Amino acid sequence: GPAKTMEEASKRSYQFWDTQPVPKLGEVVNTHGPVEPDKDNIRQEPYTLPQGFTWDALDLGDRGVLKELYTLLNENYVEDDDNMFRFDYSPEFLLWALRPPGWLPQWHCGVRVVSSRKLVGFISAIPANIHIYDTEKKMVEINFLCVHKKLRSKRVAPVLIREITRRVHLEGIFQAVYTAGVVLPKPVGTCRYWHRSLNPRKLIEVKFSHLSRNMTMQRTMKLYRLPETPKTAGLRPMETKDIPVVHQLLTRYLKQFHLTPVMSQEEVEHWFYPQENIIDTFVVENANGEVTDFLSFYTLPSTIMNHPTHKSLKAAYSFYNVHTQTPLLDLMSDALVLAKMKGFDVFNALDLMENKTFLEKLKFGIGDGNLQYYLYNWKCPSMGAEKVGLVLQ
C-alpha cells in the first residue's frame, strides 16, 4: 500500500517510518539540524532476515555477480504506474552508478535464497558530500532498493533499510539522501518528470504517449522534428583536459541552489567523463579556447512489457547543465539534437534547478507522478523544485 500523492499519504499509517529519525508527514519544520545525535556505539550483528534467506555483499567486479544484479533489477525494479514499462539499467551503467570514488563493498547489500543462491533483494549506498542550505555534510546516497516480486509485501524492505543504515553507521556517517516516486515521511522537495518526444511514432505505438486531442500523426511528427546538427558554436564531447574547468563551472553554478552535491575533481571525472551508452557530456569551447558551458545526460532504457514488436524504449535523462555564456535554452536545444542523433526515443528532465525556464518552450510535456527528495536524520524546511540542485541515477 504505497501512496503517490501528498494528501493520500496523510490518510496512511507509517509503521516503519514512524520508528525512523525523519520528520513526520504532518510536521512543519522551522529548524535546521540532525533529528537525533550521532550514535557512538553501533550494533555489530546484521539484522536477521526471515528463515531461508541470507545476506551477501555483491562484488560487482565479478561479471557473473553483476549480471545477477542486472537481472534482479531488470525483472523486479521500478515500473510506471500502468505496469507497461520497467527501468532496464545496464550492467555497465550499474558499475558507473555503484562504484564512484569512495565506494565500499559492504554498501552493495544483497539478499540471496540459502538453498538456490538466487538473488532476491538489494540495496546500495554510495558516499557523497551534500550541501543542504548552509550546512555541508558527508552523507550517503541510497539507491536501487529492490525486493523480488515473489517476496513482496513481506516486510523485507524495512530489513534492507535497517541493515544498510547499520553498515553506514559503522563508517561514521549519520545522514543520507534519496529519491522515490512514493510519498514517505517527509519530502524535502517534490519534483516532476517532463518528457520530450524524439521518435513520436514509436512512443505512440507503445502507448508511452498519445496523440493530443485534435492533432494528427503527421502534425505531431512535424511538431517534434529537430535540426540534424546542434546550433552552439564550439560544442564538442568532454575530454580529459576539460575535467578541471567542468569541476569549476559546476561548483560555481550549484551555489545558487539549496540541495546540491559537492564534488571533488575525481568525482567530476567519474560522473561526467563520457562513457558510450552511459553518460554523455558536451562542453562549449569558445573562440578563445575557453570552456564556458556544458550539458550532460545519462542513458537509461526501459523494458516495454508484454509487447510483441517493441521491447525497449531508449530514454535520455537530463543530468547537470551549466551555462555562463550560452543561453540555457540553446544548450538544452542542442541536448535534444544530440540525443535524437544518438538514437534516443525520448528526453526526460525534471523541473528542478532552472529547468522550468525551458521545459514548455522546448515542447516537453508534463509527466505523471512525482519524484520526491528525502533526507534521513536531517531536519530542515522543504524547498521548491527550482531550489533542488541534485540529480540521482
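In this text, the rigid core denotes the largest set of C-alpha atoms whose superposition between the two forms falls within 1.5 Å. Throughout, we count residues from 1 along the sequence that is shown.
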Once the rigid core is lined up, would you tell me whether 250-258 or 310-318 has the higher RMS CA deviation in 8 other deposited structures of this protein?
310-318
State which stretch shows the higher mean Cα B factor in the entry: 76-84 or 136-144.
76-84
According to the deposited model, is the average Cα temperature factor higher in 25-33 or in 45-53?
25-33
Between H108, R196, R99, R213, let me know which has the highest C-alpha B-factor in the entry?
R213
Candidate residues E360, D334, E68, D351, the one whose C-alpha B factor the record puts highest:
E360
Chain thirds of CA B-factor: placement of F294
lowest
Taking the C-alpha B-factors as the PDB entry records them, is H169 in the lowest, middle or highest third of its chain?
lowest
By the recorded C-alpha temperature factor, relative to the other modelled residues in its chain, which third is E269 in?
lowest
For the chain shown, is the CA B-factor of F122 in the lowest, middle or highest third of its modelled residues?
lowest
Quick one: classify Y14 as lowest, middle or highest third of the chain based on its Cα B-factor.
highest
